[PDB]
Structures are given as structure tokens and as C-alpha cells.
Amino acid sequence: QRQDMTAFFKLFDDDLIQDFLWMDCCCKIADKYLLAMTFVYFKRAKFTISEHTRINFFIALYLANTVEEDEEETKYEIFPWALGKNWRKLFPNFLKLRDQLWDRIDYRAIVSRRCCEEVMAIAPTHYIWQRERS
Amino acid sequence: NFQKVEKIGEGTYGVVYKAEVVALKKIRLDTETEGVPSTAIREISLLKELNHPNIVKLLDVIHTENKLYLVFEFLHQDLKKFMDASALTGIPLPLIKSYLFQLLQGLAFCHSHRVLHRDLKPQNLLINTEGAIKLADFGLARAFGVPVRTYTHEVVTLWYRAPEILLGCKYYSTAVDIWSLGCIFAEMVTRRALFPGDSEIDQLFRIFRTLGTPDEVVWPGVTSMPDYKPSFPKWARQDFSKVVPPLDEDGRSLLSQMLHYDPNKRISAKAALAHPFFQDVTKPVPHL
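Top line first, the protein sequences correspond to chains A and B. Each residue of the first sequence is one higher than the last, beginning at 67 in UniProt numbering. Mapping of the second sequence onto UniProt numbering: residues 3 to 21, 28 to 296, in sequence order.
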């Protein structure tokens with residue numbers, strides 16, 4: 067458990083982040099569960115308060131999609147938001163950042179359903195937890 | 003590090019060398041991105057949490073900036089090179105029954121840990137010199153614990169692909185893995201692949217020919233599947249004297265439940281262990 071869970075949520079006060087969710091209507095890359103997994107990755111990677119950058123959020127989200135989502139193309143829409151509109155030649159670098167985050171969590175990228183529920187239970191009425199998929 | 007002794011194989015996954029003896033697997037990076045493949049990530053992330061005597065053991069992971077080596081326990085040969093070598097002499101029933109038993113245990117361990125293998129081909133099952141067979145190559149494997157995920161229909165070589173996927177139905181799990189072993193079960197007895205199709209539509213027709221063309225009394229929702237068409241030729245079912253002769257009738261029984269059309273009434277892994285086909289189960293050593 068933690069009390070200091072908003073170490074994660076102040077990402078969802080950021081302007082471009084809140085718009086990024088708005089782009090993702092039906093939660094195809096930012097599902098409620100994927101947003102839970104990205105937090106799991108954060109504490110498995112032992113992130114300090116300094117390291118909660120949005121670029122770290124995006125490489126974490128991309129990793130979650132890599133593990134849990136079979137459709138490989140959808141997660142590519144993260145590249146623009148995370149790199150700019152020169153992302154077409156910057157995303158190899160992005161993917162390499164993912165490989166060290168995956169390295170940093172000692173390759174333990176699998177997150178159980180029940181473990182997602184645990185982080186969703188600390189403050190379950192936050193608006194990112196009502197990003198259900200139908 | 004240590005020294006490579008010989009190159010075992012080379013595919014799209016990467017290159018496996020033989021290098028204490030370990031299996032040294034170099035993973036081939038992406039062309040555009042220089043980054044680790046999604047499959048490689050899944051395989052390692054899964055094998056880092058799966059510890060079982062009937063599952064290949066991940067020993068180490070060497071990450072560098074342009075390279076990525078995976079150290080596995082070494083097993084002497086796969087099941088298919090073994091089945092080919094026994095193609096004339098035959099495979100003794102006690103060893104068949106031993107192998108299938110072990111395979112089901114490793115599989116039940118995965119399914120109870122909410123993991124799909126999604127590639128249960130003979131070539132992905134490694135055997136050693138003391139009668140053990142283990143699951144390997146978890147590149148197309150995934151966890152299914154998390155709700156409403158996206159799944160695909162690229163999963164396994166047609167020969168061992170369940171009909172539920174061929175008919176293009178979405179939302180499938182574990183049942184498809186059992187189907188694959190069912191195919192391997194038969195292929196261990198008759199020594200030749202059960203449904204050797206060259207395309208997806210052909211694969212279905214080989215299955216229909218052997219197991220009969222599906223009804224809605226055998227498969228309740230078969231005719232409202234995305235890739236079903238009424239054009240399908242209706243064949244009668246052959247039974248397992250004419251299909252797999254050396255099998256006794258507890259053997260044919262387990263096999264029929266492994267090849268059940270309806271995924272919901274298809275036999276599971278933990279349950280298959282408790283079949284009357286495993287009372288005389290021992291652990292014989294094989295001939296390599």
C-alpha cells in the first residue's frame with residue numbers, strides 16, 4: 067500500500083495529459099486497467115517524486131500496452147504526444163527508454179488483475195478509474 | 003560470459019546457440041527502432057514469474073545497448089525431431105502417456121496462473137535425457153487475467169490451431185491450448201500430424217473431414233460465427249479406430265474431449281490429469 071498515491075495523479079492535472087485522455091475516447095490505449103498498470107510499473111521501478119515526468123508516464127503506458135494488448139498499431143498514437151510532430155524519427159529513442167524501464171523493473175512487466183484492483187481501491191472515485199471499456 | 007559451442011537454430015525470434029551447458033538465445037532487434045520486440049518482452053516477463061519443473065527455466069537476461077541475450081536451461085532436443093526419429097520404430101505408449109502427462113501439468117500451471125501459451129507445437133516442446141518434457145518459446149504467450157483485452161488470430165501454426173480461432177471468433181482462451189496438445193497427443197501415437205492444412209480454409213476442412221462437420225447440437229453457436237458460411241460440406245464423423253488405431257479406449261476418450269468442438273465443453277488441463285488414462289503413468293527414459 068501507499069498513502070502518497072497522487073505521486074502518480076498530478077500527471078492527470080497536466081494540460082496535455084488531460085487532452086491525451088480526451089483523444090482516447092473508448093480507452094484503447096489508456097484503459098482504466100492500463101492506467102493502473104503504469105502506476106504498478108512506477109513503484110516496481112522505485113520511482114522517486116522527481117522521476118514522475120510525462121515522458122516516463124508514456125513509456126510506462128506503452129509498456130503496459132505491449133504486454134496486455136495484442137493489437138500493436140493502436141499504441142503508436144503515444145509517439146506524437148511524447149515526442150512532438152517529428153515523432154516519425156524520434157520513436158526509436160522512445161522505445162529504447164521503454165527497454166530500460168522494463169530493465170529497471172527487472173523485467174517483471176506482468177501485472178495481475180487483482181493487483182490493478184488494489185491501486186484502484188486507494189481512491190476509486192477519481193475520474194481516470196471511470197475509463198471503462200465496453 | 004562463456005563460450006558458444008554450436009548453433010542450434012535460427013528463426014524470426016532470433017538465434018539460439020549452445021554454449028555448465030546452457031541455451032544461449034540472442035534476440036533480434038527491430039529494424040526501424042533498434043528496440044526489443046513485443047514478443048521478447050512478453051516471453052521474459054512471463055518466464056520471470058513462471059517456476060515449474062515442466063517449464064523451461066529462465067536463468068539470466070543480459071541487456072546491452074545493441075544486444076540482448078537470453079540464458080535458458082539446455083535441453084537436448086525438441087519433440088518433433090524425436091517423433092521423426094521414432095516414426096518407424098514407434099513411440100512406446102508408456103513414454104507417450106508420460107510425456108502427455110508432464111505437458112498437461114506444465115499447461116495447468118500456466119492456466120491456473122492465467123497465462124495462454126498460444127503455440128503448443130511439437131517443435132516448441134523440449135525433451136531431455138531423463139524422461140522429462142518441458143514447454144518453451146513463450147513468444148506468443150500472454151496473460152488473460154485483465155478484462156476486455158484485445159486478442160489476435162495469429163496464434164499458432166495452422167496444424168495445431170483450434171477451430172474457434174479459424175472460424176474467426178473473438179474472445180477465446182485456454183481451450184485453444186488444450187486443442188493443440190490434442191493434436192500433439194494424436195501426432196505422438198500415429199507419428200504424423202493430424203490436420204496438416206496449407207491454408208486457414210483448408211485447415212478447417214481437414215478438421216471437418218476427421219471430426220465431422222459441426223452441428224448446432226455439437227456446437228451451439230457455430231453458425232453465427234464471423235467466418236462461417238453455409239457452403240461448408242457436411243461430412244460424417246470418423247471415429248478413432250480408423251483415425252488413431254494404437255489407442256485404447258481410455259486413450260481415445262481423453263483425445264475426443266481434447267478435440268471437442270465447443271470450447272465451453274472442451275476438456276481443461278487440471279481435469280485432464282485426473283482422466284483414467286493416467287493410473288499406470290510412469291517416467292520412462294527416452295532414446296536420443
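Built from N, CA and C at the ideal position, the CB exists for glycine as well.
Cβ neighbours of residue 138 of chain B within its own chain (closer than 7 Å, five residues either side excluded): 293. Taking a Cβ-Cβ threshold of 7 Å, the residues of chain A close to residue 40 of chain B are 158, in chain order. Residues of the region 135–157 of chain B with a C-beta atom less than 8 Å from some C-beta of chain A are 150, 151, 153, 154, 155, 156, 157, listed in chain order.
The residue from A:200, A:163, A:185, A:198 with its alpha-carbon nearest to that of residue 75 of chain A is A:185.
Nearest CB-CB separation between residue 295 of chain B and chain A: not below the 8 Å threshold. Contact check for residue 89 of chain B against residue 114 of chain B fails: the beta carbons are separated by 8 Å or more. Residue environment: residue 173 of chain A is assigned as buried (16 or more neighbouring CB atoms within 10 Å of its CB, all protein chains considered). Note that the C-beta distance between residue 99 of chain A and residue 181 of chain A is not below 8 Å. When secondary structure is reduced to three states using DSSP, residue 151 of chain B falls in the strand class.
In this structure, residue 140 of chain A places its C-beta atom within 8 Å of the C-beta atom of residue 95 of chain A. Taking 8 Å as the threshold, the shortest C-beta distance from residue 44 of chain B to chain A falls below it. Between the region 249–267 of chain B and the region 278–295 of chain B there are three or more inter-stretch CB-CB distances shorter than 8 Å, so the stretches are counted as touching. Comparing alpha carbon positions, the residue from B:208, B:221, B:198 closest to residue 253 of chain B is B:198. Here residue 159 of chain B carries a coil assignment [DSSP, helix/strand/coil]. Shown here, residue 97 of chain A sits in coil according to DSSP, grouped into three states, outside any helix or strand. Minimum Cα-Cα distance from residue 228 of chain B among the listed residues B:272, B:245, B:251, B:204 corresponds to B:272.
Judged by DSSP secondary structure, residue 133 of chain A falls within the alpha helix (DSSP H) whose first and last residues are 120–134.
Residue burial is scored here from C-beta neighbours: residue 89 of chain A has fewer than 16 other C-beta atoms within 10 angstroms and is therefore classed as exposed. Here residue 211 of chain B is buried. Its C-beta has 16 or more other C-beta atoms within 10 Å. For residue 114 of chain B, the uninterrupted alpha helix (DSSP H) run begins and ends at 101–120, by DSSP.
Secondary structure at residue 128 of chain B: coil, using DSSP grouped into helix, strand and coil.
At a cut-off of 8 Å, the C-beta of residue 109 of chain A has no neighbouring C-beta in chain B. Cβ contact annotation for residue 135 of chain A (same chain, cutoff 7 Å, sequence separation greater than five): 141, in chain order.
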